[PDB]
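Beneath this line is the structure, given in structure tokens, with notes to follow.
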Amino acid sequence: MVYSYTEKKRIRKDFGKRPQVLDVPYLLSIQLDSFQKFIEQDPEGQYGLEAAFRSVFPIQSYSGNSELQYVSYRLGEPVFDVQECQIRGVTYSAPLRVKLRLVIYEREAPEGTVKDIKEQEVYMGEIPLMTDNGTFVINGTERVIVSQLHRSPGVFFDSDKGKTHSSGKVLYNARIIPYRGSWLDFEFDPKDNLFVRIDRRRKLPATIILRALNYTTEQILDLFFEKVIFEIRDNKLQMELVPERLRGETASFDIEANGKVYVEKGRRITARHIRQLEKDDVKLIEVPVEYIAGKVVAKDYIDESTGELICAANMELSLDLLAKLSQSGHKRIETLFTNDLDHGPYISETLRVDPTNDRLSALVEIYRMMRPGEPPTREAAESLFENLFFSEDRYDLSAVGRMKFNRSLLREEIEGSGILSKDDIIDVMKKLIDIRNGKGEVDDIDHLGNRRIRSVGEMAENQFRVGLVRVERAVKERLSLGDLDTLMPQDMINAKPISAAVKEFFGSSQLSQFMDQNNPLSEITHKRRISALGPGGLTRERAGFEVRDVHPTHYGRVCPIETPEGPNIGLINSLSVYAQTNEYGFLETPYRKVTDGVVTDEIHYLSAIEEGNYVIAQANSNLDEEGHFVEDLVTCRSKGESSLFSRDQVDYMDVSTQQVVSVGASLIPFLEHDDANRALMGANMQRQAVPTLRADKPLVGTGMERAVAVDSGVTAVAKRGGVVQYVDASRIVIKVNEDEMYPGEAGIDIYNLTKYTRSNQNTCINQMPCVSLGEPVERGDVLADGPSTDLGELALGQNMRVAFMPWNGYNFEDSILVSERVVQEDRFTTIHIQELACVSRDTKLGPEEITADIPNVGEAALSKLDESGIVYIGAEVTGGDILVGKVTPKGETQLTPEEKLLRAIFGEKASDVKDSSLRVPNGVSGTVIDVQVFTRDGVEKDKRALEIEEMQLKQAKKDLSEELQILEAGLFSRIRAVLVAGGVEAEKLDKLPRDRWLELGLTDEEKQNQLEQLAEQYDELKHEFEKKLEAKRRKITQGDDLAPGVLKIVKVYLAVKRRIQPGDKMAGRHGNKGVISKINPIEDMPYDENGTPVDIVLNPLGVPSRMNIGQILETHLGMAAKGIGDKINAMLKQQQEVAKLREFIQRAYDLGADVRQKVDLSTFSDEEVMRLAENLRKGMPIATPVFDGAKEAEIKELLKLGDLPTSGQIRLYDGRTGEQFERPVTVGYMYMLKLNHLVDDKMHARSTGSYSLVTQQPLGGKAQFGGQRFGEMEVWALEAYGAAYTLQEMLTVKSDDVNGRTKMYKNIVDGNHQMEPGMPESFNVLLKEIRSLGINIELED
Amino acid sequence: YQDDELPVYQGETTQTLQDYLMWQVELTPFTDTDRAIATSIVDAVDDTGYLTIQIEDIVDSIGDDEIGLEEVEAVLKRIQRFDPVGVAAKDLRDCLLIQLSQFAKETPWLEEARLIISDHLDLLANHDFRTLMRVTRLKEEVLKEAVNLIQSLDXXXXXXXXXXXXXXXXXXXXXXXXXXXXXXXXXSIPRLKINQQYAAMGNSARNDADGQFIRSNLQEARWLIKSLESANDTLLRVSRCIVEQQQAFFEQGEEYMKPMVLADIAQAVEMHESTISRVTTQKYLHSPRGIXXXXXXXXXXXXXXXXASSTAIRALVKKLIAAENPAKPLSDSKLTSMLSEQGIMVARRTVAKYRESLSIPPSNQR
Amino acid sequence: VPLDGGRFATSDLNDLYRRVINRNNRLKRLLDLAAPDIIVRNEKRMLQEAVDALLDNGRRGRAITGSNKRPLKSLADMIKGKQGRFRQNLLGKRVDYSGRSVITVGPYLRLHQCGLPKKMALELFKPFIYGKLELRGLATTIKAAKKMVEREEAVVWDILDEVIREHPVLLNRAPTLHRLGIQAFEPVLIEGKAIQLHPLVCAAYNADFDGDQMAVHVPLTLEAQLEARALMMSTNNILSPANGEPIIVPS
Amino acid sequence: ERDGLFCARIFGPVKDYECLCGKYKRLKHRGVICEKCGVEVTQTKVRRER
RNA sequence: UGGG
């Protein structure tokens, strides 16, 4: 335990205090999981290639009876690896093999085929592959794609907030949104009528859209309403009783029931009389006539004598109609309830809005009402109805639409057809009215349970589907006139829409951009990101208010801390450490089951809807040995709230406390002691850190750095470890142990470490061996460390000794002062790498050769150039020196003696060729690293291109011969065994070459078996390794693909060193970013009683205002951190015995209460104690978890172990006057960071640059020499001062005056200092732009 | 950070900078007429900056009214020094004379030889020295540092230039050979025209106006689409048909070339000559040789019944006169007889001009 | 502005002219042809939409390009900039001699002075440098003095010291609100890549030092130096014209 | 092209004082009409004026 | 994407 083979070198101290149930996962897995979902064979139809294949296929031409049947698919092996394909600048992809067969139906026969043709498929498209590090390599780029955040398809009931007409009326609408196709919306107007909006068109009533569903008015009222039974016959005039349906009522007359009084006139409507009359059983009783005039007939009743009828529905009656309907002979007439308390009259007004009760008519008004164009032909109405409404291809809800659709309606089935049925939208309408009736709740938009994310797999599947349908459109047309086509699955498929669709999506998009190469943490947080943008998207500006606010469902899924500030606030987010994604695309978070009074160790992942109903315990809570709670009242959360609950009322447990913080902010110790916004800045500034020469371990830390560094994929992870054989800077090999081995071929592990290589930000990356020799390796090891990594631990910055005071007022506001010692020690130094390219192209005048130095240039620049005009490796190029020369011929020379005389003295070219060359720009100084030049097939390479081929061939042969050497090593071992078995000549047997001629015949069995088998193995391994070496050599040298117009490409790399300077722009992880005002010498820095000056000094003024207590705690805990290491170092200066050092180390690690760290000495025997001591000589890596920290008692005790003053303050003396400062001073060690922002590129100071051809103004860009900008508020200010000439020179002469330039400059050279203003050209531009219009403007004399 | 469509904007190209001599004269402290005379001088400066017109033509073109040549001459010599080591003055002597005046003003054997070599006998000493070594009185290799110093003396101007217009062909039309057939596959093909029509079709139904705009927005757009997609498809089909006709009709790999009347290639597709000959003007061809769909359509009767036009003859004639003259024949008629021995029926009178043409040293190589 | 990669590039507003002239030549060629009235009415409508789309892009047909889509631009949007005067005129000009560096703060350089980087120098003052090089007789031709500046001889540093001594240089920040955001100070050459600003004046800029950049301008001629020295000197004006309570007060 | 946008003749000469079809190159010829077209000599800054 |  607690080994890992790295950790035995250096131990971290953890304060613990709470256990961790589950380990941190791979944490990139979900990303790869998406890729793992895109490529696989799924018979069930899961999202991937098979879903699009079964979606588009089978395909058939119209009335041609020809079908195509696709069967599965297959993927081939890439032509290159990651390294070589990244170096050559070629995209990294894989071939696509998807088989399909052609079937020709029989002519003029039912359900028959004359012949079927199954042949091999044609090569189409290229599908890239996601690297093990999680990047998509295209054109030599990292190209990390960010996941998308959007709303899930389904039904959304919205209250809209109820403010529309200002009259204070609530309006409940709803939106059914499918996955693809037209969106359907239902809305209420203040008129209290139902209206329908289809694809944001004009508002139409809900009756005209339902009328096309073949529901008659009687079926509409009978289906969508509950009619009360009423019958008036023989003057009785009685109705049925509705005690439960009728609550409140107004009685205008006495109501008696079965001869007994029931409700008196003006009687109380309270539940007393309702229950009194409800207890007794009363049949239908008579009522007065006045109650009928308020009722409305539901169904359509006709007289039995004659055929005519009265209207349809939604029409009241009169006292004169009772004679007609009573004389007609109708015994019973069903009428709707006509009672408004919770319910109310609806849909009646909508019936009154439109005349059309019929499918044909309503189809006409919906057709012509939608499309402004050609009126309906009665074909277009049905074609747009069936095509735009539910259909197989156009309308698909699939799993999210059907699942959320059935869940919103409380339906039992979780699946169904991909299209809506007739009763589905009717149910949406019934519940939709039920929301207005007062029953039900309004779903929130910001609620995450309805908010779904997508990944690269589903989007790439969508684009591949769009391309495959785009081809499917063209395939159907060629099958009609094709008749019999030999080898049909060959030329009938074009790969241009496929490779162009997927190559266009991966190549260019707003969700696919360059990965940040600075630090591994910026890579991890770059690969894990949430964005509301994308194809459905939320673009910007709009929809940005409530949505940006924090919602309680964001607790254990997205980190509230990390987010950019000004533009993107509330949009970009970061997932939690333990957060994962469901198969359906929903985020869940784990919990810990609690049964009875004990807490079970099993975990259960819950979603928002699942966790909302149950109760989850608070993060920090005590525990017992059996798992019982110490306190009865436990803080918990039920629904959207928090409060105390009983020990038996809590369902689950929060497990770890870090579930609410992402990986970037998980490296901030004592997060509770810093402000929320300042920690938001601290997590942002730590991602911009630039790596340096040597990474120093942080004294104050967390312990998440290990999983971040090993899971970032930057370092070298050792697989199937074993005894190390050979080590080296660029190569490390390991001999695998015999325990885990694959039978046959033997072989050992080889590792090629990545040397200095250009970045996207121009920085450098490197790897160095962490092991020496003769030590084993366990699986899951770290062989090398990438940039800003130390022994597998992630150190992205360098510690310093902080002193808090002002020093002679040199620190002002947030600024900082640095000692010269930091500059002398080389700390805070970075290296950049710049790529330079020169192209040679074939023009109209013929090819452009690169050779024969440069014309019209002295030998000064020619001495540095050779090998066809390229610089040597290791040369230092400064200034405007030409790195690569080039000659472009010009053949326009004709005749006259001046040409012959010009060619007499000089000859050769005689100035017929231009001097254009690479021409390295100024402001760049450094040496050369690598020559990347690419050449063309059959262009007769020559030059130096053969040297790199000899290097690659020598390397491939050198590292290739090792495995073979092992092959005949073991082979000669076995042959040695069989020759020693009998007739052993001892050393003489090894002295004779060629296996001593196979030891003659020896025994007969070995002569017919062992000898021929041994020679067969020798010839097989020999010729096999020679064949593989020849194929590899043929693989090294290959013609590089390039454009038909380009001839040859030259690329050379440069390196530049950058040292710390007053430009500064440093930062901490607590949100503190200063600048360097002055660099003081060591003599001027304050020193303690021992004479040790402080390295860095900060201003305390920012501590109370910015509310950062983690800084000071980091300084004191840094003192207690380094003091112990100084004790071990002081003990090692005297070469103390292993016993005393063992007692001091063991006494050092076991301190503190609890901390649940059981690591202890008296285990490692002899050495490895002195190794870890020599490792911790510099300092002790104390690790502090995020939400579990240390305390003042632990800091003071651990500090008193180092004999340091408990108050954390030490006396200091002045470095100049030497006087003692009044009051003590807090000293410490804080972790310091450098930022990519430097004054090297931020200084310009333009004098006279190039001018634009339009408006005669300078440009704005640096390098191309921008003149910055002079704005409107500046003219406002200069008008506030009242200076006419100071602004007058800047408005005209310095900008828009053509003659003011030359004449002004001429007056300045002579020293006249005369203005002589002139007329601006931009005003003339405005003049002409107005003159183009019919408006005339003219100056006056 | 891609900013959607990207800048894609007019941009106001800032390069220009053909001649800065105007900005140089603008800073020269002239009085009154010297500025106008200087502007008259700088206008006649050639792009090469070696020999510019005639000194008398300037003065005759000034509209003198006195202002004799003694002034404008001092303006010449005056600007030539402020020039980048020199400009114009022609004569081919004044360039090297001014370049050596302010360069050094000392070294071993600079001015002593430079004055006589620059003054006279230069053109006589350009080919070889020989007897001139006895005229200059120098002994053996003493002049090696002199002429060696002149070699570095060097077109006098053309230092600034700054002409980014390199004029590249790029793609255009391509052909390929394989499986025993060197047949072009029309190896361009953006497909944008094809793609745009397909893509634009989606665009027509995307107005989202509610005005329908069936009369103007819908029919006109459709017409434009038919009009541009049909025109691009017809142009691409004509270019592919002409590229295939010229491909199959003549083979580049085979030695020599076959003359094609404009009519034979026009008679293959049965199209008028002007239509195809106009298509072959600005359209080039890219194969794995050289770098035009115009030089491969050269027509000539070759003036013989036994065989090809002039391209084959011209290449052959330069391949003949290339290696020849072991001694110093310096002969064109002998090349016309050797060419006549193959049955080409060369006149041998106009043969030299053809042979001489296009950088050939003949007949001045004698 | 033809590009070598894209051959001849055409502006979005250029196609409107060839479109209106195209439909105009169609209407004129088809007019005298003596054709039915429906076709010539359709031609009048197409030309009407063409001219109306040329003058005003917004509303109406809002014609869309095939390749780049977008509404493109018409004369109404091409007036100036944003369809204001702001971008290319009315204080939209970039002038010259501007800023672009970081600001620092020393506890020296009296309140009328500011540290000017010596590398930031030698460039803004090039006209003065050439003037004094031609005045003192150390050179003759302008190109010779240009080579002397490019070779940065030690004498050029002394002459530059003579130039910068009393020559004022005015400072301004990027989001200037009140008038005190832009002032005029006396430069003093300092060794470094940044500018040292007086601390007490920083409160007038309402900024802090995180490494913020700045804007710098150099007045030319003469009267501009008198308007900078007599007005924008922070030693000349203290009381802010808002409260009347003093500013630059230490903190 | 003649009679077109930014055409020669009207709107001014394209390059320096040169004229079409190689006539009246520079300098002493100012007021004049070219043989083939109405091209005249100008500083070429008139492109904005016309 | 990022800085005030």
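FYI, nothing fancy with the structure tokens labels: chains A, B, ... in order, residues from 1 per chain, ligands from 1 as they appear.
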Item to complete: Enumerate as a PyMOL selection string the residues belonging to chain B that approach chain C to within 7 Å, with only C-alpha atoms taken into account.
Response: chain B and resi 10+13+82+196+200+217
Worksheet item: Which polymer residues have any atom within 10 Å of an atom of residue 1 in chain E, counting only C-alpha atoms (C1' of nucleotides), with same-chain residues fewer than 2 positions away left out, as a ChimeraX atom specification?
Response: /A:513-514 /B:1-2
Discussion item. Between CA of residue 519 in chain A and CA of residue 505 in chain A, what is the distance in Å, rounded to a tenth?
Written reply: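 Computing the Euclidean distance for CA of residue 519 in chain A and CA of residue 505 in chain A yields 27.7 Å.
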Practice prompt. Counting only C-alpha atoms, collect the residues of chain B whose closest atom lies at most 12 Å from chain D, and write them out as a PyMOL selection string.
Written response: chain B and resi 16+18-19+36-37+39-46+53+57-64
Discussion item. Rounded to one decimal, what separation in Å do you get between CA of residue 49 in chain A and CA of residue 461 in chain A?
Written reply: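 Distance reported for this atom pair: 6.8 Å.
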Closest atom pairs, residues of chain D within 12 Å of chain C, only C-alpha atoms, as a tab-separated table:
```
residue	atom	partner	partner_atom	distance
D:3	CA	C:21	CA	11.8
D:4	CA	C:18	CA	9.2
D:5	CA	C:18	CA	8.3
D:6	CA	C:14	CA	10.7
```
Keeping only N, CA and C atoms, write those residues as a PDB file, in the first residue's frame.
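The file below, result12.pdb, is the result:
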```pdb
ATOM      1  N   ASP D   3     -16.441  50.841 -72.125  1.00  0.00           N
ATOM      2  CA  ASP D   3     -17.853  51.039 -71.793  1.00  0.00           C
ATOM      3  C   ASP D   3     -18.292  50.100 -70.669  1.00  0.00           C
ATOM      4  N   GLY D   4     -17.575  50.163 -69.549  1.00  0.00           N
ATOM      5  CA  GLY D   4     -17.842  49.304 -68.415  1.00  0.00           C
ATOM      6  C   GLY D   4     -17.448  49.991 -67.126  1.00  0.00           C
ATOM      7  N   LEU D   5     -17.596  49.265 -66.021  1.00  0.00           N
ATOM      8  CA  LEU D   5     -17.254  49.822 -64.720  1.00  0.00           C
ATOM      9  C   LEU D   5     -15.743  49.986 -64.597  1.00  0.00           C
ATOM     10  N   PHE D   6     -15.330  51.100 -63.983  1.00  0.00           N
ATOM     11  CA  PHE D   6     -13.935  51.523 -63.852  1.00  0.00           C
ATOM     12  C   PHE D   6     -13.164  51.344 -65.157  1.00  0.00           C
TER      13      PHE D   6
END
```
